[PDB]
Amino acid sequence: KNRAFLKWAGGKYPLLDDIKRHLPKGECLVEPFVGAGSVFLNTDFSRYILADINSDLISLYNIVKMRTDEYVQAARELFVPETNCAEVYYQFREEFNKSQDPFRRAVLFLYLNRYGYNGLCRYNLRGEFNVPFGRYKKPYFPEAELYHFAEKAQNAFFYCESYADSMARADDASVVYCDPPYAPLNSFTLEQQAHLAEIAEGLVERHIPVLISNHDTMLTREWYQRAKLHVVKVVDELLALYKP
């Protein structure tokens, strides 16, 4: 099983065999909530459309795609022992928030994902990255994963847009896999979670298959009430397949 190069919520990698079991076949996979990319990295579609609201994520993904060697080399420079302390961390963090250069931002952003508190990505109310120092003994530099993702990206487009716009991009030869922010047990709202179910109903009507993952709850069985449902044990996870 190939690993994502970012520490990122979801694609904590079980449920892969289960997603790949119910994931239908096609020329193209659309992921409106790509995140770490672990579905992308462990399937073999001939092409990919991959999207996410987080503009730092997509921008880094676009750099890894088009400037592979230059990127890896600059970013390796920051995984040295001299950088594993707070004095350097808060220094690199301040540079990230002050910079207008996407390439330097994207080198920094991988440093912050691996040297920061629980690998979180968060922002205060002014748009600044505000995750504090993570106090790790030995952060891994993910060389192999970086190369694997770049190779695999040669068959992908990355967009920074909302789930509605990227699902509109799908067509007759597409399959859609949605991994929205989890239902409860400004962020992603209930209106939006139900909205995501609607678009799917629209897509299957046109013979585009859609698969959605999420917790198993009263609200999730309500919203996906017209998919074929599949509970997977582990609290429980729910897979909803809209199969023409």
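Between two forms, the rigid core is the largest collection of C-alphas that superpose within 1.5 Å. Quick note: we count residues from 1 along the sequence shown, nothing fancier.
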With the rigid core held as the alignment frame, decide whether 12-20 or 225-233 lies farther from the shown form in 5 other deposited structures of this protein, in terms of RMS C-alpha distance.
12-20
Gap size, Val235 back to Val234 (deposited sequence, no coordinates):
10 or more
In terms of residues present in the deposited sequence but not modelled, what lies between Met218 and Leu219: none, 1 to 3, 4 to 9, or 10 or more?
none
I need to verify one thing: averaged over C-alpha atoms only, is the B-factor higher for 106-114 or for 130-138?
130-138
Using the B-factors recorded in the PDB entry, average over the C-alpha atoms of 158-166 and of 67-75, then report which stretch comes out higher.
67-75
In terms of CA temperature factor as recorded, identify the highest of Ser213, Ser59, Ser187, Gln193.
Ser187
Splitting the chain's C-alpha B-factors into thirds, which one does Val204 fall into?
highest
Chain-relative C-alpha B factor for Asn84 (record values, thirds): the highest
With respect to C-alpha B-factor, does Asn97 fall in the lowest, middle or highest third of the chain as deposited?
middle
Third of chain Cα B-factors occupied by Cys121
lowest
